[PDB]
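Protein chains in written order, with the entry's author numbering: chain B, 1 to 209; chain A, 0 to 209.
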Ligand SMILES: CCCCCCSC[C@H](NC(=O)CC[C@H]([NH3+])C(=O)O)C(=O)NCC(=O)O
Ligand SMILES: CCCCCCSC[C@H](NC(=O)CC[C@H]([NH3+])C(=O)O)C(=O)NCC(=O)O
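1) For the stretch 30–64 of chain B, enumerate the residues whose C-beta is nearer than 7 Å to any C-beta of chain A, in chain order.
2) By the DSSP assignment, the alpha helix (DSSP H) with residue 120 of chain A in it spans what residues?
3) Quick one: residues in its chain with C-beta nearer than 7 Å to the C-beta of residue 62 of chain A, no 5 flanking neighbours on either side, listed in chain order?
4) Consider the C-beta atom of residue 17 of chain B and the heavy atoms of ligand 2; say whether any pair is separated by less than 7 Å.
5) When the cut-off is 8 Å and only beta carbons count, does residue 70 of chain A lie next to chain B?
6) Along the chain, where does the alpha helix (DSSP H) that runs through residue 180 of chain B open and close?
7) Cα separation between residue 37 of chain B and residue 53 of chain B?
8) Sort A:159, A:2, A:167 by Cα distance to residue 126 of chain A and report the nearest one.
9) Can you determine whether any heavy atom of ligand 1 sits closer than 7 Å to the C-beta of residue 52 of chain B, and answer yes or no?
10) Could you check how far apart the C-beta atoms of residue 134 of chain A and residue 175 of chain A are, in whole angstroms? I think they sit under 8 Å.
11) Hey, does residue 91 of chain B have any beta-carbon neighbour from chain A nearer than 8 Å?
12) What do you get for residue 128 of chain A, buried or exposed, if any count of 16 or more other CB atoms within 10 angstroms of its CB means buried?
13) Around the Cβ of residue 164 of chain B, are there at least 16 other Cβ atoms within 10 angstroms (buried) or fewer (exposed)?
14) For residue 150 of chain A, which of helix, strand or coil comes out of DSSP?
15) For ligand 2, is there any heavy atom lying closer than 7 Å to the beta carbon of residue 105 of chain A?
16) Which of the three DSSP states, helix, strand or coil, is assigned to residue 37 of chain B?
17) Spatial neighbours of residue 184 of chain B within its chain, please: C-beta separation below 7 Å, excluding the five flanking residues on both sides.
18) Let me know if residue 93 of chain A comes out buried or exposed under the rule of 16 or more other beta-carbons within 10 Å of its beta-carbon.
19) So that I know if they touch, is there some Cβ in chain A lying closer than 8 Å to that of residue 136 of chain B?
20) Measuring straight from C-alpha to C-alpha, what distance separates residue 7 of chain A and residue 32 of chain A?
21) Taking just the CA atoms, how far does residue 13 of chain B sit from residue 26 of chain B?
22) Which residues does DSSP list as the beta-bridge partners of residue 5 of chain B?
23) Considering residue 61 of chain B, what are the terminal residues of the beta strand (DSSP E) in which it resides?
24) Within 7 Å: the Cβ of residue 102 of chain A and any heavy atom of ligand 2?
25) For residue 59 of chain B and residue 195 of chain B, what's the separation of their Cα atoms in angstroms?
26) Between which two residues does the alpha helix (DSSP H) harbouring residue 199 of chain A extend?
27) Thinking C-alpha only, which one of A:66, A:136, A:22 is nearest residue 187 of chain A?
28) Taking Cβ positions only, does residue 74 of chain A come closer than 8 Å to chain B?
29) Using a beta-carbon distance cut-off of less than 7 Å, what residues from the stretch 108–128 of chain B approach chain A?
30) Quick one: grab the DSSP three-state call for residue 87 of chain B.
31) Measuring straight from C-alpha to C-alpha, what distance separates residue 10 of chain B and residue 102 of chain A?
32) Could you tell me which chain B residues have their CB closer than 7 Å to the CB of residue 4 of chain A, listed as they occur along the chain?
33) Could you name the residues of chain A that residue 67 of chain B contacts, counting a contact when the two beta carbons are closer than 7 Å?
34) Are the beta-carbon atoms of residue 74 of chain A and residue 83 of chain B separated by less than 8 Å?
35) Could you check the C-alpha separation between residue 170 of chain A and residue 109 of chain B for me, to the nearest Å?
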């Protein structure tokens, strides 16, 4: 594999980049890190910001999940057709990251106490993405332009973990609903999503979702 | 008229890095200031994609998201490394910067009185990675990545400046970051901007805490 992913045995911040690699027909190696090996301290001290994931592309070593996504977007051509599209791809990815940050905070620090409020506020957080789709060819292709981008995989991951969190949360959004159906049916991605390496890994660290 | 417009509250906040980049690159731009009062009316907010500022216009291209604005400018002004490897390291630095900015913002706006002491205590460990990056790039003598300035240097510069206001002397434990701040603040167009009323006379954050 020109690629190595180093991470804990969870989907978490590596699900989108794994979907991207599978859908793009790329091979990669998973190096898993147990809470025991990490807890020790050795690898953590060697990680730039003391966190995972860690990714290797040949001799290039990178940290930061959005950095890995952008790198694969640049090198495999999933970053829009021109600078204008590349800017909009970024804009969608940063909006996905902002919601992902709220989700992680719910999961890891206020699950049973914050859940109902999170779900109640959910439709307002997803509307921007339905609006974006509505402005790009009636929401019949991808989030930006008419070719898939790295932001499509991150957005897809985000919508799917939110349907696990609040079943039917996309029922009120036709374009977002259809987009998930369509992307999930791309041949290589459909196979990946149905596979044990994806299905049998917990979404998060602590058993909550 | 300038092709660029920045729409934001009258604070340095998340626009300080992108204003330093435009000033340093000798670009002109227009500022459209939104008062707390205009924002409470509610109409401009309902029109923003994610309900927040900043908002930036390049010609008819309207962008939201502070890091998206930096990356767009990095692309169009040639401040994104000399090749693909360099762009990925630029991204890695910027995301590190954003992670620390997020913690800084949380402190300033939701826990300043009680969290300031723990935050300052944990700071050296949050700044070390940037000293390390500098140490690996030509002995910390040039920029954070490669040997041309990138958008990440401006964002990193702002983050280091606001942390020197929060914990004066916090960079004394970091020789490469200290010299780097002094070397960048000395660039002719940037030095002029940093000492001008339009920078100096805006508060760093919205609530009187810094
Ligand atoms: C063990 C439970 C599994 C939980 C997985 C959640 S993500 C793992 C967490 N890493 C991050 O949060 C990385 C954030 C970084 N901004 C990125 O986007 O890559 C970490 O390494 N934390 C370990 C640490 O901080 O030491
Ligand atoms: C007058 C107070 C000073 C403003 C605080 C500094 S940033 C303002 C805040 N915007 C953001 O948090 C932007 C986060 C966004 N991820 C970005 O990187 O651009 C906002 O628009 N908030 C307004 C709102 O959310 O309604």
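Just so it is clear, CB atoms sit at the ideal spot from N, CA and C, and this is done for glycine as well.
The structure says:
1) 48, 49, 60, 62, 63, 64
2) On the second chain, residue 120 of chain A is found 121 positions in, with the first residue counted as 1. Here the alpha helix (DSSP H) through residue 120 of chain A covers 111–135.
3) Numbered from 1 along the second chain, position 63 holds the residue referred to as residue 62 of chain A. Within the same chain, residue 62 of chain A has close Cβ partners 55, 68, 71.
4) In the first chain, counting from the first residue as 1, residue 17 of chain B sits at position 17. The answer is no for residue 17 of chain B.
5) Taking the first residue of the second chain as 1, we reach residue 70 of chain A at position 71. Closer than 8 Å: yes.
6) In the first chain, residue 180 of chain B corresponds to position 180, counting from 1. Start and end: 174–184.
7) Indexing the first chain from 1 puts residue 37 of chain B at position 37. Indexing the first chain from 1 puts residue 53 of chain B at position 53. So the two alpha carbons sit approximately 14 Å from each other.
8) Your numbering for residue 126 of chain A matches position 127 in the second chain. Of the candidates A:159, A:2, A:167, the one whose C-alpha sits nearest the C-alpha of residue 126 of chain A is A:159.
9) One-based indexing of the first chain puts residue 52 of chain B at position 52. Within the cutoff, so yes.
10) Translated into positions along the second chain, residue 134 of chain A becomes position 135. Translated into positions along the second chain, residue 175 of chain A becomes position 176. That pair is a contact at about 6 Å.
11) For the purposes of this step, residue 91 of chain B is taken as residue 91 along the first chain, with counting starting at 1. Yes, contact with chain A.
12) For the purposes of this step, residue 128 of chain A is taken as residue 129 along the second chain, with counting starting at 1. Looking at its Cβ environment, which holds 16 or more other Cβ atoms inside 10 Å, residue 128 of chain A is buried.
13) Stepping through the first chain from its first residue, residue 164 of chain B is reached at position 164. So residue 164 of chain B counts as exposed.
14) Counting from one through the second chain, the residue named residue 150 of chain A turns up at place 151. Helix, per DSSP.
15) Translated into positions along the second chain, residue 105 of chain A becomes position 106. No - ligand 2 has no heavy atom lying nearer than 7 Å to the Cβ of residue 105 of chain A.
16) What you label residue 37 of chain B is simply residue 37 of the first chain in a count that begins at 1. The answer is helix: DSSP assigns residue 37 of chain B an H, G or I state.
17) Within the first chain, numbered from 1, the residue matching residue 184 of chain B stands at position 184. Excluding sequence neighbours, residue 184 of chain B sits near 190, 193.
18) Here residue 93 of chain A refers to the residue found at position 94 of the second chain. That one is buried.
19) Within the first chain, the letter at position 136 stands for residue 136 of chain B. With 8 Å as the cut-off, residue 136 of chain B does not count as an interface residue toward chain A.
20) As a working note, residue 7 of chain A is residue 8 in the second chain. As a working note, residue 32 of chain A is residue 33 in the second chain. Computed Cα separation, rounded: 6 Å.
21) Sequence index remark: in the first chain, residue 26 of chain B carries index 26 (1-based). Sequence index remark: in the first chain, residue 13 of chain B carries index 13 (1-based). The alpha-carbon atoms of residue 26 of chain B and residue 13 of chain B are separated by roughly 19 Å.
22) Start at 1 with the first residue of the first chain, and residue 5 of chain B comes out as number 5. Note: residue 5 of chain B sits in a beta bridge opposite B:30, B:55.
23) Locating residue 61 of chain B in the first chain gives position 61, where the first residue counts as 1. Start and end: 60–63.
24) Stepping through the second chain from its first residue, residue 102 of chain A is reached at position 103. No.
25) Start at 1 with the first residue of the first chain, and residue 59 of chain B comes out as number 59. Start at 1 with the first residue of the first chain, and residue 195 of chain B comes out as number 195. If I take the Cα positions, the gap works out to 29 Å.
26) Here residue 199 of chain A refers to the residue found at position 200 of the second chain. Its alpha helix (DSSP H) spans residues 196–199.
27) To locate residue 187 of chain A, count along the second chain from 1; it is residue 188. The residue with the shortest Cα to Cα distance from residue 187 of chain A is A:22.
28) For the purposes of this step, residue 74 of chain A is taken as the residue at position 75 of the second chain. Chain B, which has a Cβ nearer than 8 Å to the Cβ of residue 74 of chain A, makes this yes.
29) 128
30) Against the first chain, residue 87 of chain B aligns to sequence position 87. The answer is helix: DSSP assigns residue 87 of chain B an H, G or I state.
31) Walking along the first chain from the start, residue 10 of chain B turns up at place 10. Walking along the second chain from the start, residue 102 of chain A turns up at place 103. Computed Cα separation, rounded: 25 Å.
32) Taking the second chain and counting its residues from 1, one reaches residue 4 of chain A at position 5. The contacting residues do not exist; residue 4 of chain A stays about 15 Å from chain B at best.
33) For the purposes of this step, residue 67 of chain B is taken as residue 67 along the first chain, with counting starting at 1. Result: 87, 90, 91, 94.
34) Position 75 of the second chain, counted from the start, is the residue given in the question as residue 74 of chain A. Position 83 of the first chain, counted from the start, is the residue given in the question as residue 83 of chain B. In this structure, residue 83 of chain B lies closer than 8 Å to residue 74 of chain A by Cβ.
35) Position 171 of the second chain, counting from 1, holds the residue named residue 170 of chain A. Position 109 of the first chain, counting from 1, holds the residue named residue 109 of chain B. Approximately 32 Å between the Cα atoms of the pair.
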